[PDB]
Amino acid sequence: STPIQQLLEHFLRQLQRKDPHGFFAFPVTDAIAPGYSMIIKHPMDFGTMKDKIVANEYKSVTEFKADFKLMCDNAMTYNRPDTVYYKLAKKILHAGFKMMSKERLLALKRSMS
């Protein structure tokens, strides 16, 4: 395992503990959500992101943040605002971007000197 992999696994774990029922743990299927694929063209989930970290598919924290935003955006695009999925996606989005903020990544960048 590499330093970037270790850092991405930490961010992922801290994000995964916000989803207790595992609604974002594995991909959304047409069986679980009717006509999902007709609406969501670029699907994403925590499990897909885990495989990518392991496969060393992330060159930056930005690439990781982009797949995380994608996951939350898809849940807010498919589901209406009064649903449990939309509300959880909104909360985990705000949580991930506070945790992976410019101020936090800057403090980290400066600690690598």
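In this text, residue numbers run from 1 along the sequence as written.
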Next item on the list: Can you let me know which of the two, 70-78 or 43-51, has the higher average C-alpha B-factor in the entry?
Entry: 43-51
Checklist line | Mean C-alpha B-factor comparison - 21-29 and 94-102, higher one | finding: 21-29
Checklist line | Third of chain Cα B-factors occupied by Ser37 | finding: highest
Notebook entry, point to check: Lowest, middle or highest third of the chain for the C-alpha temperature factor of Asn56?
Noted result: highest
